Amino acid sequence: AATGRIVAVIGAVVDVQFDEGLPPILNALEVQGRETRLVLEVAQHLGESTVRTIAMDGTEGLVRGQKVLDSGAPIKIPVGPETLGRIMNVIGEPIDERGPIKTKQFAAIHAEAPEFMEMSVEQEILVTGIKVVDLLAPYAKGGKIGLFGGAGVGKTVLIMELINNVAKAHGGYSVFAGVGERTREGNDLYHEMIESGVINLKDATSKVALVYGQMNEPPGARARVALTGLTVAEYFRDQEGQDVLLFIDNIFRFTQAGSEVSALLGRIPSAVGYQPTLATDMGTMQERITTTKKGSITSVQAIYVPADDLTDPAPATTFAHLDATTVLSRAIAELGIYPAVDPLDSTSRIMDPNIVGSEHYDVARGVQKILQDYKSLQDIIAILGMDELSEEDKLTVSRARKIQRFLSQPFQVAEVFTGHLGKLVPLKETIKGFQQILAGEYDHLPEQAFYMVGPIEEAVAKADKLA
Amino acid sequence: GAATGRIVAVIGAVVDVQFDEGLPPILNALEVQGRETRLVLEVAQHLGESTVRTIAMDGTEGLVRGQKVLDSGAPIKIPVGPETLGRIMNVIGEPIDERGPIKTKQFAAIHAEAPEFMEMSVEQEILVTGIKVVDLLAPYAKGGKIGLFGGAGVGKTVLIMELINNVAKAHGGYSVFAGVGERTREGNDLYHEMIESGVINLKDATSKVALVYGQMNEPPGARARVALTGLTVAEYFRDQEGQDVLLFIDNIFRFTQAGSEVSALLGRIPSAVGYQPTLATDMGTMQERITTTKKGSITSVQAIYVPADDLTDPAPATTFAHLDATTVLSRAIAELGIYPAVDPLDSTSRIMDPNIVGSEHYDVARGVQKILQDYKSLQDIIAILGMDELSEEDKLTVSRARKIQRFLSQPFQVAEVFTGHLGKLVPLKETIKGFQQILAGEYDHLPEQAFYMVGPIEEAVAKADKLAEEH
Amino acid sequence: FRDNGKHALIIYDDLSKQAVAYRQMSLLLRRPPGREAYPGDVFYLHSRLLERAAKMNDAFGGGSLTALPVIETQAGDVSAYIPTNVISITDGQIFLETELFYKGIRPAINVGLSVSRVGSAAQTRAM
Amino acid sequence: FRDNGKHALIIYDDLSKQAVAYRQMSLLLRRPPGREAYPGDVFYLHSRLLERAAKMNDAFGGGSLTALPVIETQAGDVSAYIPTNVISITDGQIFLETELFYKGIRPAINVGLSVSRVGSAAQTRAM
Amino acid sequence: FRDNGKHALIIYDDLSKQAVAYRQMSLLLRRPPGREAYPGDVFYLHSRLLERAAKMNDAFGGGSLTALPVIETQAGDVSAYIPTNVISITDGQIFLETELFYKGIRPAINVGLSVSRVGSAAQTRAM
Amino acid sequence: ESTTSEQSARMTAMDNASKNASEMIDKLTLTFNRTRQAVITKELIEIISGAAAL
Ligand SMILES: Nc1ncnc2c1ncn2[C@@H]1O[C@H](COP(=O)(O)OP(=O)(O)O)[C@@H](O)[C@H]1O
Ligand SMILES: [Mg+2]
């Protein structure tokens, strides 16, 4: 759509003067006369047939006068069923060098939100299969999750176990979207995913579609990575009707990169230093993840809290959209419990009897109670002694020890390491097992036999075999 | 004369001139005509259509637009040589003491470049001044660089005028005192404290100091260039003559801080907390000309004001790298009467090294600092448990540590008008021996008031006998 | 007085109100603000004032000119911008507090902190 | 030395003076400031530099490059602007305190506030 | 419904998000900010909206309009900039505590800090 | 008798100096957090207004 000469290059900001075919805002340009593709996405209009745009690769070797075309659309990306098991950057090019992605139709990355009369009005609960997550902090469908806990906690093994559970009972594929990630750790993620079974370099038996925008790529191309990993995630909602997942790592580097684009243009900053459009920019990304009538998109996002400040402007704005939290802490790994989930500091907004029912509420409020007093009398038994607690306190020692080991589970994606078969438990098998420990029907079981089993019938089975 | 420009815009202390014929380069000098005093403007920017942006060195009253401006062809040219000794001089090199003119045969333009990598003397030495905190804990070096930190009212004009007494009279080489923006009262004492003490002689030619004085009643473009008139007289004595020099500057924070007073009037966007965006560049342009090359040596002592006792301020915290030796005076110590106020756990030198000062000097000063950091972990217990709850080993720590803290204090000779005591000057061999014995236990039987304000350890037992006789 | 022989004394009540009359007067002349929108040369504003307070020699007349600048501070914090710029021009200080005034010490002078370069110790002989 | 099957090691000393040298250059080119008057692209300075350190593989030569960047904080404040970019980029930090330096522990390493993200794979089988 | 003798009720949810979406509209046109980078007139935004809830007398119909605004606070600060622009407008408050809601008392209404300046004189005699 | 009671009231009155210190730092972390954020904003408006006044 016409030819426009360049007229200014300042940093990661290019300035393109068209003649007739003036493109709309959010239109992707393509510079001609270069080695690999340099795209430019139009962000303003300035008058005098001049636009201004944010570059998405290095801005070196650009001469004042180069001819740049117009695609007549936004950034269009390969969207298909043959994009799983592959890796691409923000503008669709493959970077695992396994061959070009041979696809039929393309899709632009900028759309609008679902309509007011396309929503769903009855809240439902997306079971994953994990024991702690299903019960004490359940996921919604269409909901948004927060994942707290850095490296050294048992984190990436949780991500791959989610993807090997969503495709064994639900049938919806996923997307990974690393936003500004490390290039050194994008390869240990790729090479662990190969040997675990989710990406397969031989056939049509993949589950994840990696979209890596990495840390040495300019700030204009770091904000747009969660949209390109959202655009892929809608073909398995719109055009196929499945229950998509979507991982963003992490939700702070999406926010931090928006403040760099907004300060290269010239906009005056907000409170503590962020951009003025901080809640709308998070709005137009987070509103495209809903449960429409065809299918849904779920999301799982890791959050970094700067300077231990839970009222900082970036995690304040992100908490306004969340429907859950998950906290991975260093201490629960020391006990030997996997995954390292803190069941007292992990929440869920739909924890309410009108949404989850009556049976599920009066168990996840009972097993939430028995682990609160044990943290209190983890001091009285630590100073005064052992036999000096009451005989009704020799049962809050048992039933707060038998339970916090049954929050452990042998995963399936780490199959060769543990040597044990990966077990799955449905949502009525989580509830049937936790009720019988507060009822004390299995009060005659040692606290080690409640370790790395599946249903309630296995812990009992495991105990019989011992000794 | 060349390029007789014309004035167009006097906004503050930043005059802009417009040249018809010949544009002068950056860093020159310009001479405003028709004034009974000498006003010198230095070029700093080139704007387009033959207008430059200068900075005045005096008052900008009476500047009518359309006024002629001459040009000299070089930066500011001061006098220099041997005949500049026992004199006080202006920023543009003029007399301010009413003794007549400076008759020298050599001028030095104040803008030179830092000597290269292949002109760097590498050797370290030691230097003994006489003070039991300098010589024990942060020792100097012959040719090193020495900075005196600390807030306002903690003892920096006293500690720098005591080292002028100690070192700069028993020295064969010369000295220069450059006053970069301080009280004009304090610039009248040191002119008269050294006429009676023989360092300045007003009739013959055997003086051993030179003075450069531009004080804090001066416009903030002239309080940025007396730091450079200093080390241009203090470089002719190192390079041209092959001598040894001492460099005394008080205060060097007024060089940085008077660059923030004309930053935005020049046309720059201001950086963090209000400083100019060229902080660590105009500073390091100057603090690399104060070095010892292989033609001579310079031992530089500079007082460094820390604003509002905030050491993490960007004007002091970018000066901690241009220096070999730091003596940091605190205020919570000088409130206890301890004088010199020098912090024991914050001063630091490079030559504190078991291969230059010896492995007996080193084992002492790493046990003084280790028993003073052992004190502070007990002071948080005393505030709750009280003194008579501690064990008998920890009581022995507090008593020696308070004996050491009082023994680090020493009566200077310039406190003979403030306190009425008499002055000490302790040699190094006694300093090591005295502190070695308090750590051992050979003075565990004395009161603490013996150790306050003495010299050698043999004077701290001649006081514990007078206290017991007058009991 | 001072340039003719006699002895003067001058009180500025106060000098935190000669600064906000410079901040306003020189913002409407379109001069770019510094810290707390104060101009670049508030230190040069107070310093070119407080250095005329001389004590001349006896071959000029010997006259003197004392000065007693008053400074109001907010919440008793002395590390502000305009306080610290004028602490370091004066020889000594008199720190007036509030908990001294209310406990009963009036005039409420902190005699611990009220340091003074004693002025060649011209207290007097009997005192 | 990385493209040819050899190994190397580079020590930036220190990376908190490149970031001030860039900031002087931006704010005279009138590029718009941000927090602490750093430009917007200053995470882009230390991200494209500290990602060239790689461990290549057998089909490219078998080279290496290791980088130790040095960063100076100001009174234990690891939450300023530049010390929070470069903690997010790199693979661990080694944290030295001046309290341990005077209590007799030299080299003055804090063990609690230090980490390496790779760790036990980058050690010999005996250590 | 007010001006025709009928009785209305309006509920906003919430007025702190109208103020972050007016701050954006005023930063982007480069208007000077204030406390927490809020514009100079974030009071007149909410006063001229909440002045319109009135009760008219019997000449003008006798109809009424009741307004219940909603503000969100950050970890319990009732001395922030926006919650003291609405507390000094409305005729009372209904404080809800985040401590009382987790303990179990729901609706977690703090009875010691919730008042009504005018609604005391209008309730039923049975109560 | 008076030695046991002097020790077990040196335990209980030290728990209540430790509970009363947890409530004083959590009220002082919050005041610190707001005062930290309000000086980042304060110095930044000094620069935004320092550029745009040129
Ligand atoms: N021996 C001493 N040690 C410590 N302080 C002293 C001593 N003698 C006098 N003082 C007082 O300490 C103050 C230190 O101020 P001074 O060093 O003159 O200026 P600065 O503010 O630059 O430190 C002086 O006013 C003086 O009254
Ligand atoms: Mg002084």
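The values are calculated or read from the model by the stated rules, or taken from the named source; these are not laboratory values. Every residue, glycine as well, gets a Cβ built from its backbone with ideal geometry; the counts of neighbours run over all protein chains shown.
Taken over the stretch A:6-24, the criterion of being more than 35 Å from the chain's Cα centre (by Cα) and within 14 Å of chain D (Cβ to nearest Cβ) is satisfied by A:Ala8, A:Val9.
So B:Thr84 clears everything in (1) under 30 Å from B:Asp204 (Cβ atoms); (2) surrounded by fewer than 17 Cβ atoms within 10 Å (Cβ to Cβ) except one condition, right? Which one? Unmet condition: (2).
Could you pull out the residue among B:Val364, B:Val368, B:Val414 that is of a type outside the set (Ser, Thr, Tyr), within 16 Å of ligand 2 (Cβ to nearest atom) and in a helix (DSSP H, G or I)? Checking each option against the conditions leaves just B:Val414. For D:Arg31, the criteria (1) of a type outside the set (A, V, I, L, M); (2) surrounded by 15 or more Cβ atoms within 10 Å (Cβ to Cβ); (3) part of a loop (DSSP other than H, G, I, E, B); (4) more than 9 Å from chain A (Cβ to nearest Cβ) hold in every case but one, which is (4).
Filtering B:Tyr362, B:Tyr375 for residues that are out of contact with any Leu (no Cβ under 9 Å at 6 or more places or on another chain), touching a residue at least 24 places away in the same chain (Cβ under 8 Å) and hydroxyl-bearing (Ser, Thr, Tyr) leaves a single hit, B:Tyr375. Of the numbered criteria (1) buried (at least 17 other Cβ atoms within 10 Å of the Cβ); (2) outside any loop (DSSP other than H, G, I, E, B); (3) among the β-branched types (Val, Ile, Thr), the one B:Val357 fails is (2).
Yes/no per residue for (1) over 25 Å from B:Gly130 (Cα atoms); (2) among the aromatic types (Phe, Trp, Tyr); (3) part of a helix (DSSP H, G or I):
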{"position": "B:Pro344", "(1), (2), (3)": "no, no, no"}
{"position": "B:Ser377", "(1), (2), (3)": "yes, no, yes"}
{"position": "B:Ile381", "(1), (2), (3)": "yes, no, yes"}
{"position": "B:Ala401", "(1), (2), (3)": "no, no, yes"}
{"position": "B:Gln405", "(1), (2), (3)": "no, no, yes"}
{"position": "B:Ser409", "(1), (2), (3)": "no, no, no"}
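Only residues that are buried (at least 22 other Cβ atoms within 10 Å of the Cβ) and small (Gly, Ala, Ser): list them for the stretch A:132-141, please. A:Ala137, the sole residue that qualifies. Looking at this structure, is B:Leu27 farther than 30 Å from B:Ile195 by Cβ, outside any loop (DSSP other than H, G, I, E, B) and not assigned by CATH to the domain that holds B:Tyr174? Spelling it out, it is not the case that B:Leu27 is farther than 30 Å from B:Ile195 by Cβ, outside any loop (DSSP other than H, G, I, E, B) and not assigned by CATH to the domain that holds B:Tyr174.
One residue alone among F:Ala13, F:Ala38 is more than 10 Å from every other protein chain (Cβ to nearest Cβ) and either under 17 Å from A:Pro269 (Cβ atoms) or among the aliphatic types (A, V, I, L, M) (or both), and that residue is F:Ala13. Within the stretch B:155-171, residues that are within 18 Å of B:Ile195 (Cβ to Cβ) have Cβ atoms under 7 Å from residues that are within 14 Å of ligand 2 (Cβ to nearest atom) and aromatic (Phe, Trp, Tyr) in these pairs: B:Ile164/B:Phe248, counting only partners at least 6 apart in sequence or on another chain.
Would you check if there is a residue in the stretch A:317-330 being without any contact (Cβ under 8 Å) to a residue 24 or more places away in the chain, out of contact with any helix residue (DSSP H, G or I) (no Cβ under 9 Å at 6 or more places or on another chain) and either more than 22 Å from A:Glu287 (Cα to Cα) or assigned to a helix (DSSP H, G or I) (or both)? Within the stretch A:317-330, none of the residues are without any contact (Cβ under 8 Å) to a residue 24 or more places away in the chain, out of contact with any helix residue (DSSP H, G or I) (no Cβ under 9 Å at 6 or more places or on another chain) and either more than 22 Å from A:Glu287 (Cα to Cα) or assigned to a helix (DSSP H, G or I) (or both). Of all residues in the stretch C:51-73, one or more are among the polar types (S, T, N, Q), more than 12 Å from every other protein chain (Cβ to nearest Cβ) and surrounded by fewer than 14 Cβ atoms within 10 Å (Cβ to Cβ). Please determine, by comparing only the residues of the stretch B:155-210 that are more than 14 Å from the chain's Cα centre (by Cα) and of a type in the set (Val, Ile, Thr), which one is farthest from ligand 2 (Cβ to nearest atom). The residue in question is B:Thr206. Kindly indicate the residue of the stretch C:74-120 that is over 18 Å from C:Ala53 (Cβ atoms), within 12 Å of chain B (Cβ to nearest Cβ) and loosely packed, with under 10 Cβ neighbours inside 10 Å and also nearest to ligand 1 (Cβ to nearest atom) among those meeting that condition. Here the residue is C:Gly112. For the stretch A:253-296, residues that are in a helix (DSSP H, G or I), over 18 Å from D:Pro39 (Cβ atoms) and more than 9 Å from every other protein chain (Cβ to nearest Cβ) total 8. Residues that are farther than 27 Å from A:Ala271 by Cβ and under 11 Å from the mean Cα position of the chain (by Cα) do not occur anywhere in the stretch E:28-47. Which ones in the stretch B:140-154 are of a type outside the set (A, V, I, L, M, F, W, C), within 16 Å of ligand 2 (Cβ to nearest atom) and away from chain C (no Cβ under 14 Å)? Listed by number, the list holds a single entry, B:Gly147. Filter the stretch B:227-285 for residues that are of a type in the set (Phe, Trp, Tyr) and touching a strand residue (DSSP E or B) at 6+ places or on another chain (Cβ under 9 Å) and give the result. Across the stretch B:227-285, the qualifying residues are B:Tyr236, B:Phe237, B:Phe248, B:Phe253, B:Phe255.
For the stretch B:290-313, a residue qualifies if it is of a type outside the set (A, V, I, L, M) and surrounded by 18 or more Cβ atoms within 10 Å (Cβ to Cβ), and the qualifying residues are B:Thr291, B:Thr292, B:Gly296, B:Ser297, B:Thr299, B:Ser300, B:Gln302, B:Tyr305, B:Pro307. For the stretch C:68-89, the set of residues classified as of a type in the set (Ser, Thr, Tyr), assigned to a loop (DSSP other than H, G, I, E, B) and more than 11 Å from the chain's Cα centre (by Cα) consists of C:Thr73, C:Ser79, listed by residue number. Have a look at B:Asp250, B:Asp239 and point out the one that is charged (D, E, K, R), surrounded by fewer than 20 Cβ atoms within 10 Å (Cβ to Cβ) and in the same structural domain as B:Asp189 (by CATH). Among B:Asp250, B:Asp239, only B:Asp239 is charged (D, E, K, R), surrounded by fewer than 20 Cβ atoms within 10 Å (Cβ to Cβ) and in the same structural domain as B:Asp189 (by CATH). Those helices (runs of 4 or more DSSP H) of the stretch B:128-218 in which at least 3 residues are hydrophobic (A, V, I, L, M, F, W, C) and within 16 Å of ligand 1 (Cβ to nearest atom), considering only elements entirely within it, cover B:156-166. Taking A:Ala43, is it hydrophobic (A, V, I, L, M, F, W, C) and either surrounded by fewer than 21 Cβ atoms within 10 Å (Cβ to Cβ) or in the same structural domain as A:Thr228 (by CATH) (or both)? Yes. Close Cβ contacts (under 6 Å, 6 or more residues apart or on different chains) running from residues in the stretch B:438-450 that are assigned by CATH to the domain that holds B:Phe407 to residues that are outside any helix (DSSP H, G or I) and of a type outside the set (A, V, I, L, M) comprise B:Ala450/B:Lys463. When residues in the stretch B:298-331 are screened for being within 12 Å of another protein chain (Cβ to nearest Cβ) and within 25 Å of C:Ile82 (Cβ to Cβ), 14 of them pass. Within the stretch B:326-341, at least one residue is within 16 Å of ligand 1 (Cβ to nearest atom) and acidic (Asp, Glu).
Being more than 14 Å from chain A (Cβ to nearest Cβ), free of Cβ contacts under 8 Å to residues at least 24 places away in the same chain, over 21 Å from A:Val261 (Cβ atoms) and within 18 Å of the chain's Cα centre (by Cα) is a property that D:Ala21 has.
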